[PDB]
Structure formats: structure tokens, C-alpha cells
Amino acid sequence: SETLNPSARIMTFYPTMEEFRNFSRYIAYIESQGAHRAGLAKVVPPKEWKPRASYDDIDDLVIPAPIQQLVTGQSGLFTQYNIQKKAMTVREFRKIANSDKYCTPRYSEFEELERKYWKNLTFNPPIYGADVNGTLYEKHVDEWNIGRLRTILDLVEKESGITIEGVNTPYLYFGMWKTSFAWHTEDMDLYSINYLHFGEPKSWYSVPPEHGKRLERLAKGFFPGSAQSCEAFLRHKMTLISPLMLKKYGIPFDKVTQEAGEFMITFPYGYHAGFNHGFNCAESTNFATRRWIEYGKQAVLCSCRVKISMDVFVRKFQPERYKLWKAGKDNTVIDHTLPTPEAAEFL
Ligand SMILES: COc1ccc2c(c1)CCC[C@H]2CNc1cnccc1C(=O)O
Ligand code: NI
Ligand SMILES: [Zn+2]
């Protein structure tokens, strides 16, 4: 029942060109409709819109640090170690991805591929061209430009000039079959934007922010070692947990598949994971709304090694609370079901 509640299930949205042109306000729109409570939403951009003319001219693009994803575990509980490989071009990455050893296996519908994924993730370790600095948007595209979204996350750079690779700048991800991202919320529990430029699909699991603590508790239970060492160990982005285990332990979750040309928005304190079906290319970065600031103040951070100083955000957007907050006496409690204040117009 908390399991099935559609107020917390993954929504898809199909904006007009008109509504698509204003990024930050469409985000408030989708929150006005409950998008946020799943932790993950799909936005299908209008059909005419193309961020780039052709993807035929990137064969020579360098993937500086491809990673080979070794996974270890059994009984739905795994740990992924990314081993660094020599630099290769996109062309050489495509070659390995499409070969007999690494290609997508044969399958009828998504559930079969899903079973193949969870059965074989420890075998035949694929290479993921992850975290490449760069963007495939053409210089001139003013709608949903992952390299320049212009949200209030940019306040750190206005005031200091300081950027953080991947959070304030764009990353590309060249996937092949079975390459994975572990269970995680974003750095500083930010929002994220992920756009599949081309190729085979990317499937995603998301846990609703209102139930995120349950996933932490499950993860503590089955990795107490990792949890002694570091209260926020999910932030290492190394832990995979199967849908069967989530179901079994009462963690509500939902699933969706992202196809070429679609955007996925992850929301504050939204745990997600997933894998690629086959050769593909996705771009992402982080962003913020006014709602994020409290998530930023309260984010439980890695206690054993990325950190945004919230002072500037509280100063600008929460001026009266600032002194009370620096005192350590600001016990604002987050309601994860609430839309951002920018949504108020859509009522
Ligand atoms: C520090 O350890 C890390 C950090 C980052 C990663 C990995 C390991 C595994 C490869 C994927 C990337 C993260 N990839 C994603 C994160 N969130 C949403 C989607 C993706 C994706 O891979 O498409
Ligand atoms: Ni993510
Ligand atoms: Zn840690």
C-alpha cells in the first residue's frame, strides 16, 4: 500500500515547446503535480527539439579514464569496484560494447533483461566510459542545456568562481550492456538531470524520499562493517541491492526505462540505481531549487575521506534563520511530500 501509492510512483511528462523553454519553472510545475515524491521523473521533450544535429562526429573523442566494473556478492547484495583502464576513444569503446563478449543478450521484454542483469552482474565485467568531462549540446541550444541550467546552485560560482567537476559542470557517460550505477542520493542531496543522447536504453530504480531511511537501514543491516567506518557509506557509490531484496525487506521502490531522447530528473534525497542495456551515451549534471537548501543543510555526509558550504545559501535565502542555524539550534524538519515554493503559481 505504501508500496503501490501512485502519489510516490514515477511520473512521465510531455511538455510543449512553450513550457519546455523555461527549465526551472517546469521543474516547479512537475513538483506541483507530485513528480518529486517518487525521487525520479521522466520528461519527454517536444519532438522537434534536438540538442545536437548528428552524433556521427565523436569517434575520436577521448574517454580519459574508462572503468571496468567488478562486482562481488551473492543473494541480491553486491559491491562494485571500478578499476581504471587505459584511455580509449569512443570508436574503440563502441567496438568492445557491440562485440560478442559484451553485447546485449537476446530478450523478449524488459523483465527478461532485468533477470539477466541480476543473474550475471558479477560475470564478464564491462567497461563504463563514465564521468567524462564534456557536453554534446551544440553551443547555441537554450533549452535544458546541461552545461548551463542557471539555477540557484550557481550561487557558489557567482560569489567565489569555484566550480566542482560533475556537480557544476557536465559529465558524459558511454555505457555498454550491464554497466551500473549503485544506490545513491546526489552529492549534498542535490537534484540531477540525465539526458540520454543516443543508443540503447538506461533502466532506473528509485526509492521515494519519504522512505529513503528504510533503504539506509537495510544497507546498515547487511553492511555493518561499512557502517561502522562511515555513517554515510552509500555515498561511496559502491552498493548494489536487487529489487527482490527491496521487496523482501519492505522498501517501497519503482522502476522505469529511459529511451534515447528522454530526460530523467532525480530529486533531493531520492535514492536511485540502474544499468544500461547496451551501447549508449548520456549527459548529466546537478542543479538546485529553493526547496533544496534545507536538504543541503541536513545532508548526512561521508565521514571517511565533496562538500558545499551552505552558509551562502542560508545567508541569501534564509536570512533570519542564519544566526539560529550557525548556533546549531535550527531543527527544521523536512516534509518530503511538499512541493518547492516556486510551484505555488500552479494551483
Ligand atoms: C565514486 O564511485 C562512483 C561514482 C559515480 C559513478 C560510479 C562510481 C559507477 C559508474 C557510474 C557513476 C554514476 N552514474 C550515475 C549516477 N546517477 C544517475 C545515473 C548514472 C549513470 O551512470 O547514468
Ligand atoms: Ni545519480
Ligand atoms: Zn565514507
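Just so you know, residue 1 is the first one in the sequence shown, and it goes up from there. For ligands, and for the atoms within them, numbers begin at 1 and follow the listed sequence. Just the heavy atoms: all of them, side chains too, but no hydrogens, waters or symmetry mates, feed the values below.
The Zn ion (ligand 3) is closest to atom NE2 of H236 (considering only N, O or S atoms). Within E186, the N/O/S atom positioned nearest the Ni ion (ligand 2) carries the name OE2.
If you check each of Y171, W183, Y173 against atom 12 (C) of ligand 1, the one with the closest non-hydrogen atom is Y173.
Contact atoms of ligand 1 toward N194: 19 (C), 23 (O) (distance under 4.0 Å to a heavy atom of the residue). Of all atoms in ligand 1, numbered sequentially from 1 with element shown, those under 4.0 Å from a heavy atom of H184 are 16 (C), 17 (N). Residue-ligand proximity, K237 to ligand 1, at heavy-atom distances under 4.0 Å covers atoms 2 (O), 3 (C), 4 (C), 8 (C). Shown in contact with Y128 at under 4.0 Å from a heavy atom are these atoms of ligand 1, numbered in order with element: 10 (C), 11 (C), 21 (C), 22 (O), 23 (O). Near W204, meaning under 4.0 Å from one of its heavy atoms, ligand 1 places the atoms 18 (C), 19 (C). Applying the 4.0 Å criterion to heavy atoms of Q69 picks out, from ligand 1, the atoms 9 (C), 10 (C). Every atom of ligand 1 with a heavy atom of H236 under 4.0 Å away is listed here by number and element: 1 (C), 2 (O).
Ionic pairing of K326 and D311 is present here: one or more N-O contacts between side-chain nitrogen and carboxylate oxygen are shorter than 4.0 angstrom. Of the charged side-chain nitrogens involved, none lies within less than 4.0 Å of a carboxylate oxygen, so that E92 and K95 do not count as a salt-bridged pair.
Not a single heavy atom of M264 sits less than 4.0 Å from an atom of ligand 1. Contact annotation: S180 has at least one heavy atom less than 4.0 Å from an atom of ligand 1.
Ring pair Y117/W177 is perpendicular by interplanar angle, where above 60° counts as perpendicular and below 30° as parallel.
For atom 8 (C) of ligand 1, the closest non-hydrogen atom of the protein is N82 ND2, 3.4 Å. With hydrogens left out, the protein atom closest to atom 15 (C) of ligand 1 is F181 CB, 3.5 Å, a heavy atom. The protein heavy atom nearest to atom 6 (C) of ligand 1 is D131 OD2, 4.6 Å.
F174 places a side-chain heavy atom less than 4.5 Å from the side chain of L61.
Taking hydrophobic clusters as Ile, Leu, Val, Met, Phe, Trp and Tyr residues chained together by side-chain heavy-atom distances below 4.5 Å, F253 does not share a cluster with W204.
No side-chain donor from either of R94 and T89 sits under 3.5 Å from a side-chain acceptor of the other. A donor-acceptor contact closer than 3.5 angstrom links the side chains of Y128 and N276. Side chains of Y295 and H336: a donor on one and an acceptor on the other come within 3.5 Å. No donor-acceptor contact under 3.5 angstrom links the side chains of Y171 and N133, judged on distance only.
Within the 4.0 Å cut-off (strictly below), a protein heavy atom is located near atom 19 (C) of ligand 1.
Taking only nitrogen or oxygen atoms, main chain and side chain alike, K202 reaches within less than 3.5 Å of ligand 1. For ligand 1, the polar-atom distance check finds an N/O of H272 within less than 3.5 Å of one of the ligand's N/O atoms.
Across all their heavy atoms, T285 and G166 have their closest contact at OG1-O, 3.3 Å. Contact detail for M264 and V256: the closest heavy-atom pair is CE-CG1, 3.6 Å.
At the Ni ion (ligand 2), the vertex angle linking NE2 of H184 with NE2 of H272 is 80° (nearest 10 degrees). At the Zn ion (ligand 3), the vertex angle linking SG of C302 with SG of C230 is 110° (nearest 10 degrees).
Atoms SG and NZ, on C302 and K237 in that order, are 10.5 Å from each other to the nearest 0.5 Å.
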